[PDB]
$ cat upload17.csv   # CSV, C-alpha atoms and all ligand atoms
chain,number,residue,atom,x,y,z
A,1,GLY,CA,-2.4,30.2,31.7
A,2,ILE,CA,-6.1,29.5,32.4
A,3,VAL,CA,-7.3,29.7,28.8
A,4,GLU,CA,-4.6,27.3,27.4
A,5,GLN,CA,-5.4,24.9,30.2
A,6,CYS,CA,-9.1,25.2,30.6
A,7,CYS,CA,-10.4,26.0,27.1
A,8,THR,CA,-8.5,23.1,25.6
A,9,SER,CA,-9.8,20.5,28.0
A,10,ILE,CA,-12.3,20.8,30.9
A,11,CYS,CA,-11.0,22.0,34.2
A,12,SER,CA,-12.4,20.6,37.5
A,13,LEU,CA,-13.4,23.0,40.1
A,14,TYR,CA,-10.3,22.1,42.0
A,15,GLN,CA,-8.2,23.1,39.0
A,16,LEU,CA,-10.1,26.3,38.7
A,17,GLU,CA,-9.5,27.2,42.3
A,18,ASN,CA,-5.8,27.3,41.6
A,19,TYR,CA,-6.5,30.6,39.7
A,20,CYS,CA,-8.2,32.3,42.7
A,21,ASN,CA,-6.5,35.1,44.7
B,1,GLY,CA,-35.5,23.0,48.0
B,2,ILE,CA,-32.6,24.8,46.3
B,3,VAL,CA,-34.3,28.1,45.6
B,4,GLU,CA,-35.3,28.5,49.3
B,5,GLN,CA,-31.9,27.4,50.5
B,6,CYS,CA,-29.6,29.0,48.0
B,7,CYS,CA,-31.4,32.2,47.0
B,8,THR,CA,-32.1,33.4,50.6
B,9,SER,CA,-28.4,33.1,51.3
B,10,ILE,CA,-25.2,32.1,49.3
B,11,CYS,CA,-24.6,28.3,49.0
B,12,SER,CA,-21.1,26.9,48.9
B,13,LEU,CA,-20.0,24.5,46.2
B,14,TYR,CA,-20.4,21.6,48.7
B,15,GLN,CA,-23.9,22.8,49.6
B,16,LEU,CA,-24.8,22.9,45.9
B,17,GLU,CA,-23.6,19.3,45.4
B,18,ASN,CA,-26.6,18.1,47.5
B,19,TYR,CA,-28.6,18.7,44.4
B,20,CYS,CA,-26.5,16.7,42.0
B,21,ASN,CA,-27.7,13.3,40.7
C,1,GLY,CA,-15.0,49.1,45.3
C,2,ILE,CA,-16.8,48.0,42.1
C,3,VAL,CA,-19.6,46.2,44.1
C,4,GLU,CA,-20.4,49.3,46.1
C,5,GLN,CA,-20.3,51.4,43.0
C,6,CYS,CA,-21.9,49.2,40.4
C,7,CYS,CA,-24.5,47.1,42.3
C,8,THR,CA,-26.1,50.0,43.9
C,9,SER,CA,-26.6,52.0,40.7
C,10,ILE,CA,-25.8,51.0,37.0
C,11,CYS,CA,-22.2,51.6,35.9
C,12,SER,CA,-21.4,53.1,32.5
C,13,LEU,CA,-18.8,51.6,30.1
C,14,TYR,CA,-16.4,54.4,31.1
C,15,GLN,CA,-16.9,53.4,34.8
C,16,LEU,CA,-16.5,49.7,34.2
C,17,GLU,CA,-13.3,50.4,32.2
C,18,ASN,CA,-11.9,51.4,35.9
C,19,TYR,CA,-11.7,48.0,37.2
C,20,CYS,CA,-9.7,47.0,34.2
C,21,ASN,CA,-6.0,46.0,35.0
D,1,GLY,CA,-24.5,41.7,9.0
D,2,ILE,CA,-23.4,41.5,12.7
D,3,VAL,CA,-23.1,37.7,12.6
D,4,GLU,CA,-20.8,37.7,9.5
D,5,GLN,CA,-18.7,40.5,11.1
D,6,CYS,CA,-18.6,39.4,14.7
D,7,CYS,CA,-18.8,35.6,14.8
D,8,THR,CA,-16.0,35.2,12.3
D,9,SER,CA,-13.6,37.4,14.2
D,10,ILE,CA,-13.9,39.4,17.5
D,11,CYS,CA,-15.7,42.7,17.4
D,12,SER,CA,-14.5,45.7,19.4
D,13,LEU,CA,-16.7,47.9,21.6
D,14,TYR,CA,-16.6,50.5,18.8
D,15,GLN,CA,-17.8,47.9,16.3
D,16,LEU,CA,-20.5,46.5,18.5
D,17,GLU,CA,-21.8,50.1,19.0
D,18,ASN,CA,-22.8,49.8,15.2
D,19,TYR,CA,-25.7,47.4,15.7
D,20,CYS,CA,-27.1,49.8,18.3
D,21,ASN,CA,-30.4,51.5,17.2
E,1,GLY,CA,-43.2,47.3,26.9
E,2,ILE,CA,-41.3,44.0,27.5
E,3,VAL,CA,-39.6,45.2,30.8
E,4,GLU,CA,-42.7,46.4,32.5
E,5,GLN,CA,-44.6,43.2,31.5
E,6,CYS,CA,-41.9,40.6,31.9
E,7,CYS,CA,-39.6,41.8,34.7
E,8,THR,CA,-42.7,42.4,36.9
E,9,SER,CA,-44.2,38.9,36.4
E,10,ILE,CA,-42.8,35.9,34.5
E,11,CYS,CA,-43.6,35.8,30.8
E,12,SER,CA,-44.3,32.5,29.0
E,13,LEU,CA,-42.5,31.8,25.8
E,14,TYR,CA,-45.8,32.6,24.0
E,15,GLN,CA,-45.8,36.0,25.6
E,16,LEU,CA,-42.2,36.5,24.7
E,17,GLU,CA,-42.8,35.6,21.1
E,18,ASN,CA,-45.1,38.7,20.7
E,19,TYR,CA,-41.9,40.8,20.9
E,20,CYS,CA,-40.2,39.1,18.0
E,21,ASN,CA,-39.9,40.7,14.6
F,1,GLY,CA,-29.5,12.6,24.0
F,2,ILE,CA,-29.7,16.3,24.1
F,3,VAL,CA,-26.1,17.1,23.4
F,4,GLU,CA,-25.9,14.9,20.3
F,5,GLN,CA,-29.3,16.1,19.1
F,6,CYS,CA,-29.1,19.8,19.9
F,7,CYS,CA,-25.4,20.7,19.6
F,8,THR,CA,-25.0,19.1,16.1
F,9,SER,CA,-27.8,21.2,14.9
F,10,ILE,CA,-30.3,23.7,16.3
F,11,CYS,CA,-33.3,22.4,18.2
F,12,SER,CA,-36.7,24.1,18.3
F,13,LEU,CA,-38.4,25.0,21.5
F,14,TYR,CA,-40.7,22.0,20.8
F,15,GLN,CA,-37.7,19.7,20.3
F,16,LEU,CA,-36.2,20.9,23.5
F,17,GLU,CA,-39.4,20.2,25.4
F,18,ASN,CA,-38.7,16.4,25.0
F,19,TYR,CA,-36.2,16.8,27.7
F,20,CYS,CA,-38.5,18.4,30.3
F,21,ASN,CA,-39.8,16.4,33.3
G,1,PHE,CA,-31.4,37.4,49.4
G,2,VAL,CA,-28.5,36.9,47.1
G,3,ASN,CA,-28.8,40.2,45.2
G,4,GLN,CA,-25.1,41.2,45.5
G,5,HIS,CA,-24.1,37.7,44.2
G,6,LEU,CA,-26.4,37.9,41.2
G,7,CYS,CA,-25.2,41.4,40.4
G,8,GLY,CA,-21.5,40.2,40.6
G,9,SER,CA,-22.2,37.4,38.1
G,10,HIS,CA,-23.2,40.0,35.6
G,11,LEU,CA,-20.5,42.5,36.6
G,12,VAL,CA,-17.7,40.0,35.8
G,13,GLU,CA,-19.3,39.3,32.4
G,14,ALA,CA,-19.3,43.1,31.7
G,15,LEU,CA,-15.7,43.4,32.8
G,16,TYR,CA,-14.7,40.5,30.5
G,17,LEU,CA,-16.1,42.3,27.5
G,18,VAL,CA,-15.1,45.9,28.4
G,19,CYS,CA,-11.5,45.0,29.4
G,20,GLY,CA,-10.8,42.5,26.7
G,21,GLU,CA,-7.1,41.7,26.3
G,22,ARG,CA,-6.3,44.1,29.1
G,23,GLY,CA,-7.9,41.9,31.8
G,24,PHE,CA,-9.3,42.9,35.2
G,25,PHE,CA,-9.2,42.2,38.9
G,26,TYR,CA,-12.5,41.3,40.6
G,27,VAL,CA,-12.8,41.0,44.5
G,28,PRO,CA,-16.0,41.8,46.2
G,29,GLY,CA,-16.1,44.5,48.9
G,30,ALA,CA,-12.8,46.2,47.9
H,1,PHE,CA,-14.6,31.8,14.6
H,2,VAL,CA,-14.6,33.4,18.1
H,3,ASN,CA,-14.7,30.2,20.1
H,4,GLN,CA,-11.8,31.0,22.4
H,5,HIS,CA,-13.4,34.3,23.3
H,6,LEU,CA,-16.7,32.5,24.0
H,7,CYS,CA,-14.9,30.0,26.2
H,8,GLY,CA,-13.4,32.8,28.2
H,9,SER,CA,-16.8,34.2,29.0
H,10,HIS,CA,-17.7,30.9,30.7
H,11,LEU,CA,-14.4,30.6,32.4
H,12,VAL,CA,-14.9,34.0,34.1
H,13,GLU,CA,-18.3,32.9,35.4
H,14,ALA,CA,-16.8,29.7,36.7
H,15,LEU,CA,-14.0,31.5,38.4
H,16,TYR,CA,-16.6,34.0,39.9
H,17,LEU,CA,-18.5,31.0,41.5
H,18,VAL,CA,-15.4,29.0,42.6
H,19,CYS,CA,-13.4,31.9,44.1
H,20,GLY,CA,-16.3,33.6,45.9
H,21,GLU,CA,-15.1,36.3,48.3
H,22,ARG,CA,-11.4,35.6,47.5
H,23,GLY,CA,-11.7,37.2,44.1
H,24,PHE,CA,-9.4,36.6,41.2
H,25,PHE,CA,-7.4,38.3,38.4
H,26,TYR,CA,-8.3,37.4,34.8
H,27,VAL,CA,-6.6,38.3,31.5
H,28,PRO,CA,-6.9,36.4,28.2
H,29,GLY,CA,-3.6,34.8,27.2
H,30,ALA,CA,-1.7,35.1,30.5
I,1,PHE,CA,-40.4,41.3,40.3
I,2,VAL,CA,-39.0,38.0,39.1
I,3,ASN,CA,-36.0,37.5,41.3
I,4,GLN,CA,-36.7,33.9,42.2
I,5,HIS,CA,-36.8,33.2,38.4
I,6,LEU,CA,-33.5,35.1,37.9
I,7,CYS,CA,-31.8,33.3,40.8
I,8,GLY,CA,-33.0,29.9,39.5
I,9,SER,CA,-31.2,30.6,36.2
I,10,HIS,CA,-27.9,31.2,38.0
I,11,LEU,CA,-28.5,28.0,40.1
I,12,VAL,CA,-28.9,25.8,37.1
I,13,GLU,CA,-25.6,27.2,35.6
I,14,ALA,CA,-23.9,26.5,39.0
I,15,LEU,CA,-25.2,22.9,39.2
I,16,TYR,CA,-24.1,22.3,35.6
I,17,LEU,CA,-20.6,23.3,36.6
I,18,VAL,CA,-20.5,21.6,40.0
I,19,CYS,CA,-22.3,18.4,39.2
I,20,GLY,CA,-20.1,17.6,36.1
I,21,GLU,CA,-20.7,14.1,34.8
I,22,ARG,CA,-23.2,13.3,37.7
I,23,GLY,CA,-25.7,15.8,36.2
I,24,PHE,CA,-28.7,17.1,38.1
I,25,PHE,CA,-32.5,17.3,38.4
I,26,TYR,CA,-34.1,20.7,38.6
I,27,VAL,CA,-37.8,21.3,39.5
J,1,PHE,CA,-30.0,48.1,43.3
J,2,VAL,CA,-29.6,47.2,39.6
J,3,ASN,CA,-32.2,44.4,39.5
J,4,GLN,CA,-34.2,45.7,36.5
J,5,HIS,CA,-30.9,45.9,34.5
J,6,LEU,CA,-30.1,42.3,35.5
J,7,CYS,CA,-33.5,41.2,34.5
J,8,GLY,CA,-33.1,42.8,31.1
J,9,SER,CA,-30.0,40.7,30.5
J,10,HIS,CA,-32.0,37.5,31.0
J,11,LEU,CA,-34.9,38.9,28.9
J,12,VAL,CA,-32.6,39.5,25.8
J,13,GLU,CA,-31.3,35.9,26.1
J,14,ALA,CA,-34.9,34.6,26.3
J,15,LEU,CA,-35.9,36.6,23.2
J,16,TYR,CA,-32.7,35.4,21.4
J,17,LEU,CA,-33.9,31.8,21.9
J,18,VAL,CA,-37.6,32.3,21.3
J,19,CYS,CA,-37.3,34.5,18.1
J,20,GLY,CA,-34.6,32.5,16.4
J,21,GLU,CA,-33.9,33.6,12.8
J,22,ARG,CA,-36.7,36.2,13.0
J,23,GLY,CA,-34.7,38.5,15.2
J,24,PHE,CA,-36.0,41.2,17.4
J,25,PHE,CA,-35.6,44.8,18.5
J,26,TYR,CA,-34.8,45.5,22.1
J,27,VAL,CA,-34.6,48.7,24.1
J,28,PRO,CA,-35.1,49.1,27.9
J,29,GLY,CA,-38.1,51.1,28.8
J,30,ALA,CA,-39.9,51.0,25.4
K,1,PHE,CA,-22.4,22.2,15.0
K,2,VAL,CA,-24.2,25.1,16.6
K,3,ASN,CA,-21.2,27.6,16.6
K,4,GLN,CA,-23.2,30.5,15.0
K,5,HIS,CA,-26.0,30.0,17.6
K,6,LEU,CA,-23.6,30.0,20.5
K,7,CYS,CA,-21.8,33.1,19.2
K,8,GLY,CA,-25.2,35.0,18.8
K,9,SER,CA,-26.1,34.3,22.5
K,10,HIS,CA,-23.0,36.1,23.6
K,11,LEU,CA,-23.4,38.8,20.9
K,12,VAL,CA,-26.9,39.8,22.2
K,13,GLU,CA,-25.5,40.0,25.8
K,14,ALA,CA,-22.7,42.3,24.5
K,15,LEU,CA,-25.1,44.5,22.5
K,16,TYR,CA,-27.4,44.8,25.6
K,17,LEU,CA,-24.4,46.2,27.6
K,18,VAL,CA,-22.8,48.3,24.9
K,19,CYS,CA,-26.1,49.8,23.7
K,20,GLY,CA,-27.7,50.4,27.1
K,21,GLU,CA,-30.7,52.7,26.9
K,22,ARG,CA,-30.3,53.2,23.2
K,23,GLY,CA,-31.3,49.6,22.4
K,24,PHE,CA,-30.4,47.5,19.4
K,25,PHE,CA,-31.8,45.4,16.5
K,26,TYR,CA,-30.6,41.8,16.3
K,27,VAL,CA,-31.4,39.5,13.3
K,28,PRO,CA,-29.0,36.8,12.2
K,29,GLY,CA,-29.5,36.9,8.5
K,30,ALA,CA,-28.7,40.6,8.0
L,1,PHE,CA,-11.4,22.4,22.8
L,2,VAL,CA,-14.5,22.2,25.1
L,3,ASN,CA,-17.4,23.0,22.8
L,4,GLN,CA,-19.6,20.2,24.0
L,5,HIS,CA,-19.2,21.6,27.5
L,6,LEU,CA,-20.0,25.1,26.3
L,7,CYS,CA,-23.1,24.0,24.3
L,8,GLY,CA,-24.3,22.0,27.4
L,9,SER,CA,-24.3,25.2,29.4
L,10,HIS,CA,-26.6,26.9,26.9
L,11,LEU,CA,-28.8,23.8,26.7
L,12,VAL,CA,-29.4,24.0,30.6
L,13,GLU,CA,-30.3,27.6,30.3
L,14,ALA,CA,-32.7,26.9,27.4
L,15,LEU,CA,-34.4,23.9,29.3
L,16,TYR,CA,-34.7,26.2,32.4
L,17,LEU,CA,-36.7,28.7,30.3
L,18,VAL,CA,-38.7,26.2,28.1
L,19,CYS,CA,-39.6,23.6,30.8
L,20,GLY,CA,-41.0,26.3,33.3
L,21,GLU,CA,-42.6,24.7,36.3
L,22,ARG,CA,-42.1,21.1,34.8
L,23,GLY,CA,-38.4,21.4,35.4
L,24,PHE,CA,-35.9,19.0,33.8
L,25,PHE,CA,-33.3,16.3,34.3
L,26,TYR,CA,-29.8,16.9,32.9
L,27,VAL,CA,-27.2,14.1,32.7
L,28,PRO,CA,-24.6,14.2,29.9
L,29,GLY,CA,-24.1,11.0,27.8
L,30,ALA,CA,-27.5,9.2,28.0
M,101,CL,CL,-29.9,38.2,38.0
M,102,CL,CL,-20.3,29.3,23.9
M,103,ZN,ZN,-21.4,30.3,25.5
M,104,ZN,ZN,-28.8,37.2,36.4
$ encode --input "upload17.csv" --output "structure tokens"
Amino acid sequence: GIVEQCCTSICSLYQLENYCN
Amino acid sequence: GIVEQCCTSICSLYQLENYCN
Amino acid sequence: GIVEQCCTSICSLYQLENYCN
Amino acid sequence: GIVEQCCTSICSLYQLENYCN
Amino acid sequence: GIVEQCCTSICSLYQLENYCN
Amino acid sequence: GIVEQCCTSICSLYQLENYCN
Amino acid sequence: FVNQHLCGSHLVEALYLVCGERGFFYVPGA
Amino acid sequence: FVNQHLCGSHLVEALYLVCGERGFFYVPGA
Amino acid sequence: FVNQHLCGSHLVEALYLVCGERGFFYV
Amino acid sequence: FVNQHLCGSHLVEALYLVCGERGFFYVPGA
Amino acid sequence: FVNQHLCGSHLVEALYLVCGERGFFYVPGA
Amino acid sequence: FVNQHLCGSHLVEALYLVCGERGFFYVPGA
């Protein structure tokens, strides 16, 4: 999920937006 | 500047990017 | 909701533990 | 001290409540 | 104490240092 | 610059002020 | 003024700590 | 070390900003 | 109160995230 | 509002940075 | 690397919340 | 891991406090 993706390498704000409701 | 614009009301991500280098 | 409850007056740990999954 | 206990491994709420006054 | 002084008006970092051990 | 200087080891307040405008 | 936005920033940090491995939902105004 | 837990604190704040009024669900490890 | 100071702290965190490698100037 | 509580969060971070290894005591209201 | 410094920043925020009006001592050495 | 990203976030907050009315410029790499 978000930790494995975004704490291993930096997520853009477009990548982050995928995790919004 | 950014304090006047973005503390009086919420700025979007796009609005905030005006202040990037 | 949590904003109505917890931004009007301070929420306790017990109260915060209500918005947990 | 708190740094040895809580920066080596995660501290619970109960454990953090130990450094309170 | 520190809240009455430094949440009413901005404290410098020299003012803040007065509250260190 | 500041990342290399001040994430490899702690910077003092005076060290950090090199990066002010 | 963005008071509710500033509050929410701190609320999510507090939920993160209090909820730990349980997790949480956050959506303003509900 | 507690580095993954520290990262999570920043991630929640980033999600808070990006999602805005939409909100989000967050739980470590899923 | 110091709310403009508080808001500015959150702004610089937001610019840090949004600006990425571009960076920002704050004054 | 919870503005004084929000301020306090920033104050403790500021003291953390300023005091360094010396440490500090903090308690709201005294 | 400043791992212990980064951890402490988050620790003092967590103490601020958990301790509330009781307050807390923070000193890294002890 | 993303520790240089995490440390930069703390650096920005520290420069905000230290620089005061001077302000600062932040651009990773230079
Ligand atoms: Cl705030
Ligand atoms: Cl961190
Ligand atoms: Zn951090
Ligand atoms: Zn704040």
$ residues_around --input "upload17.csv" --residues "residue D:5" --least-positions-apart "3" --cutoff "12 Å" --atoms "only C-alpha atoms" --output "ChimeraX atom specification"
/D:1-2,8-12,15-16,18-19 /H:1-2 /K:4,7-8,11,28-30
$ residues_near_point --input "upload17.csv" --point "(-31.7, 37.8, 21.9)" --cutoff "12 Å" --atoms "all atoms listed in the file" --output "PyMOL selection string"
(chain E and resi 16-17+19-21) or (chain J and resi 8-27) or (chain K and resi 5-16+23-28)
$ write_last_selection --input "upload17.csv" --atoms "C-alpha atoms" --output "CSV table (one decimal), in the frame of the given file"
chain,number,residue,atom,x,y,z
E,16,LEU,CA,-42.2,36.5,24.7
E,17,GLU,CA,-42.8,35.6,21.1
E,19,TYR,CA,-41.9,40.8,20.9
E,20,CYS,CA,-40.2,39.1,18.0
E,21,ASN,CA,-39.9,40.7,14.6
J,8,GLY,CA,-33.1,42.8,31.1
J,9,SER,CA,-30.0,40.7,30.5
J,10,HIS,CA,-32.0,37.5,31.0
J,11,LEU,CA,-34.9,38.9,28.9
J,12,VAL,CA,-32.6,39.5,25.8
J,13,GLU,CA,-31.3,35.9,26.1
J,14,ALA,CA,-34.9,34.6,26.3
J,15,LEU,CA,-35.9,36.6,23.2
J,16,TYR,CA,-32.7,35.4,21.4
J,17,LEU,CA,-33.9,31.8,21.9
J,18,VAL,CA,-37.6,32.3,21.3
J,19,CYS,CA,-37.3,34.5,18.1
J,20,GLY,CA,-34.6,32.5,16.4
J,21,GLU,CA,-33.9,33.6,12.8
J,22,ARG,CA,-36.7,36.2,13.0
J,23,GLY,CA,-34.7,38.5,15.2
J,24,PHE,CA,-36.0,41.2,17.4
J,25,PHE,CA,-35.6,44.8,18.5
J,26,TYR,CA,-34.8,45.5,22.1
J,27,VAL,CA,-34.6,48.7,24.1
K,5,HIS,CA,-26.0,30.0,17.6
K,6,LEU,CA,-23.6,30.0,20.5
K,7,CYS,CA,-21.8,33.1,19.2
K,8,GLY,CA,-25.2,35.0,18.8
K,9,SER,CA,-26.1,34.3,22.5
K,10,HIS,CA,-23.0,36.1,23.6
K,11,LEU,CA,-23.4,38.8,20.9
K,12,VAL,CA,-26.9,39.8,22.2
K,13,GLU,CA,-25.5,40.0,25.8
K,14,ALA,CA,-22.7,42.3,24.5
K,15,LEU,CA,-25.1,44.5,22.5
K,16,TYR,CA,-27.4,44.8,25.6
K,23,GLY,CA,-31.3,49.6,22.4
K,24,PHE,CA,-30.4,47.5,19.4
K,25,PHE,CA,-31.8,45.4,16.5
K,26,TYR,CA,-30.6,41.8,16.3
K,27,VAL,CA,-31.4,39.5,13.3
K,28,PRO,CA,-29.0,36.8,12.2
$ atom_distance --input "upload17.csv" --atom1 "atom CA of residue E:13" --atom2 "atom CA of residue I:26"
18.9 Å
$ closest_atom_pairs --input "upload17.csv" --of "chain I" --to "chain A" --cutoff "9 Å" --atoms "only C-alpha atoms" --output "JSON lines"
{"residue": "I:17", "atom": "CA", "partner": "A:13", "partner_atom": "CA", "distance": 8.0}
{"residue": "I:18", "atom": "CA", "partner": "A:13", "partner_atom": "CA", "distance": 7.2}
{"residue": "I:20", "atom": "CA", "partner": "A:12", "partner_atom": "CA", "distance": 8.4}
$ calpha_fit_and_write --input "upload17.csv" --fixed "chain G" --moving "chain J" --output "mmCIF file with C-alpha atoms, in the coordinates of the input"
data_model
loop_
_atom_site.group_PDB
_atom_site.id
_atom_site.type_symbol
_atom_site.label_atom_id
_atom_site.label_comp_id
_atom_site.auth_asym_id
_atom_site.auth_seq_id
_atom_site.Cartn_x
_atom_site.Cartn_y
_atom_site.Cartn_z
ATOM 1 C CA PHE J 1 -31.663 37.314 49.430
ATOM 2 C CA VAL J 2 -28.486 36.856 47.343
ATOM 3 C CA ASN J 3 -29.050 39.787 44.955
ATOM 4 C CA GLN J 4 -25.632 41.458 45.418
ATOM 5 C CA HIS J 5 -23.965 38.068 44.607
ATOM 6 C CA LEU J 6 -26.115 37.786 41.462
ATOM 7 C CA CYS J 7 -25.224 41.248 40.466
ATOM 8 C CA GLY J 8 -21.540 40.483 40.826
ATOM 9 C CA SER J 9 -21.905 37.654 38.328
ATOM 10 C CA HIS J 10 -23.214 40.070 35.694
ATOM 11 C CA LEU J 11 -20.537 42.663 36.639
ATOM 12 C CA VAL J 12 -17.618 40.159 35.954
ATOM 13 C CA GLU J 13 -19.150 39.349 32.529
ATOM 14 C CA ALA J 14 -19.438 43.091 31.754
ATOM 15 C CA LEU J 15 -15.791 43.677 32.737
ATOM 16 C CA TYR J 16 -14.746 40.575 30.685
ATOM 17 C CA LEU J 17 -16.251 42.251 27.591
ATOM 18 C CA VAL J 18 -15.206 45.823 28.260
ATOM 19 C CA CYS J 19 -11.514 45.090 29.260
ATOM 20 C CA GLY J 20 -10.772 42.591 26.542
ATOM 21 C CA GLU J 21 -7.084 41.585 26.336
ATOM 22 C CA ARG J 22 -6.210 44.034 29.143
ATOM 23 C CA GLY J 23 -7.736 41.862 31.805
ATOM 24 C CA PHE J 24 -8.849 42.907 35.194
ATOM 25 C CA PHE J 25 -8.787 42.101 38.892
ATOM 26 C CA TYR J 26 -12.037 41.390 40.631
ATOM 27 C CA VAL J 27 -12.934 40.876 44.265
ATOM 28 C CA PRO J 28 -16.355 41.501 45.925
ATOM 29 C CA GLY J 29 -16.314 44.259 48.416
ATOM 30 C CA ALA J 30 -12.977 45.892 47.413
#
$ axis_aligned_box --input "upload17.csv" --around "stretch 11-20 of chain B" --padding-each-side "5 Å" --output "AutoDock Vina command-line options"
--center_x -24.3 --center_y 22.5 --center_z 45.8 --size_x 18.6 --size_y 21.6 --size_z 17.6
$ atom_distance --input "upload17.csv" --atom1 "atom CA of residue I:24" --atom2 "atom CA of residue I:5"
18.0 Å
$ interface_residues --input "upload17.csv" --of "chain I" --to "chain J" --cutoff "12 Å" --atoms "all atoms listed in the file" --output "PyMOL selection string"
chain I and resi 1-10
$ decode --input "upload17.csv" --residues "stretch 13-27 of chain I" --atoms "N, CA, C and O atoms" --output "PDB file, in the first residue's frame"
ATOM      1  N   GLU I  13       5.879  24.057   4.635  1.00  0.00           N
ATOM      2  CA  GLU I  13       5.772  22.593   4.473  1.00  0.00           C
ATOM      3  C   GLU I  13       5.050  22.230   3.218  1.00  0.00           C
ATOM      4  O   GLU I  13       5.464  21.304   2.528  1.00  0.00           O
ATOM      5  N   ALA I  14       3.998  22.962   2.910  1.00  0.00           N
ATOM      6  CA  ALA I  14       3.232  22.691   1.664  1.00  0.00           C
ATOM      7  C   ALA I  14       4.086  23.009   0.429  1.00  0.00           C
ATOM      8  O   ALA I  14       4.038  22.210  -0.536  1.00  0.00           O
ATOM      9  N   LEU I  15       4.780  24.125   0.395  1.00  0.00           N
ATOM     10  CA  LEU I  15       5.655  24.448  -0.768  1.00  0.00           C
ATOM     11  C   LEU I  15       6.749  23.401  -0.893  1.00  0.00           C
ATOM     12  O   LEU I  15       7.108  22.995  -1.975  1.00  0.00           O
ATOM     13  N   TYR I  16       7.278  22.938   0.239  1.00  0.00           N
ATOM     14  CA  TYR I  16       8.329  21.888   0.174  1.00  0.00           C
ATOM     15  C   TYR I  16       7.802  20.683  -0.604  1.00  0.00           C
ATOM     16  O   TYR I  16       8.522  20.121  -1.481  1.00  0.00           O
ATOM     17  N   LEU I  17       6.590  20.266  -0.305  1.00  0.00           N
ATOM     18  CA  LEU I  17       5.988  19.082  -0.956  1.00  0.00           C
ATOM     19  C   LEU I  17       5.638  19.423  -2.419  1.00  0.00           C
ATOM     20  O   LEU I  17       5.978  18.652  -3.325  1.00  0.00           O
ATOM     21  N   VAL I  18       4.928  20.510  -2.638  1.00  0.00           N
ATOM     22  CA  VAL I  18       4.431  20.822  -3.972  1.00  0.00           C
ATOM     23  C   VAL I  18       5.535  21.145  -4.939  1.00  0.00           C
ATOM     24  O   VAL I  18       5.459  20.762  -6.123  1.00  0.00           O
ATOM     25  N   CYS I  19       6.554  21.875  -4.492  1.00  0.00           N
ATOM     26  CA  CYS I  19       7.568  22.424  -5.403  1.00  0.00           C
ATOM     27  C   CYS I  19       8.539  21.340  -5.807  1.00  0.00           C
ATOM     28  O   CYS I  19       9.120  21.468  -6.880  1.00  0.00           O
ATOM     29  N   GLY I  20       8.740  20.322  -4.971  1.00  0.00           N
ATOM     30  CA  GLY I  20       9.663  19.190  -5.286  1.00  0.00           C
ATOM     31  C   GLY I  20      11.054  19.694  -5.603  1.00  0.00           C
ATOM     32  O   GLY I  20      11.578  20.575  -4.931  1.00  0.00           O
ATOM     33  N   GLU I  21      11.638  19.185  -6.701  1.00  0.00           N
ATOM     34  CA  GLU I  21      12.983  19.582  -7.095  1.00  0.00           C
ATOM     35  C   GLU I  21      13.108  21.048  -7.493  1.00  0.00           C
ATOM     36  O   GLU I  21      14.217  21.568  -7.473  1.00  0.00           O
ATOM     37  N   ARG I  22      12.028  21.724  -7.866  1.00  0.00           N
ATOM     38  CA  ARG I  22      12.059  23.165  -8.239  1.00  0.00           C
ATOM     39  C   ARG I  22      12.518  23.970  -6.997  1.00  0.00           C
ATOM     40  O   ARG I  22      13.200  24.986  -7.090  1.00  0.00           O
ATOM     41  N   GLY I  23      12.092  23.533  -5.815  1.00  0.00           N
ATOM     42  CA  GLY I  23      12.323  24.368  -4.637  1.00  0.00           C
ATOM     43  C   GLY I  23      11.464  25.636  -4.636  1.00  0.00           C
ATOM     44  O   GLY I  23      10.566  25.854  -5.470  1.00  0.00           O
ATOM     45  N   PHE I  24      11.699  26.472  -3.608  1.00  0.00           N
ATOM     46  CA  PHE I  24      10.995  27.728  -3.417  1.00  0.00           C
ATOM     47  C   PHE I  24      11.806  28.821  -2.684  1.00  0.00           C
ATOM     48  O   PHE I  24      12.716  28.579  -1.935  1.00  0.00           O
ATOM     49  N   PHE I  25      11.312  30.059  -2.780  1.00  0.00           N
ATOM     50  CA  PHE I  25      11.815  31.170  -2.015  1.00  0.00           C
ATOM     51  C   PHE I  25      10.698  31.537  -1.058  1.00  0.00           C
ATOM     52  O   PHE I  25       9.531  31.611  -1.454  1.00  0.00           O
ATOM     53  N   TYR I  26      11.029  31.736   0.206  1.00  0.00           N
ATOM     54  CA  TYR I  26      10.027  32.248   1.142  1.00  0.00           C
ATOM     55  C   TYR I  26      10.559  33.532   1.778  1.00  0.00           C
ATOM     56  O   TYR I  26      11.635  33.520   2.337  1.00  0.00           O
ATOM     57  N   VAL I  27       9.782  34.637   1.760  1.00  0.00           N
ATOM     58  CA  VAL I  27      10.146  35.844   2.584  1.00  0.00           C
ATOM     59  C   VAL I  27       8.961  36.481   3.238  1.00  0.00           C
ATOM     60  O   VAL I  27       8.045  36.820   2.533  1.00  0.00           O
TER      61      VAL I  27
END
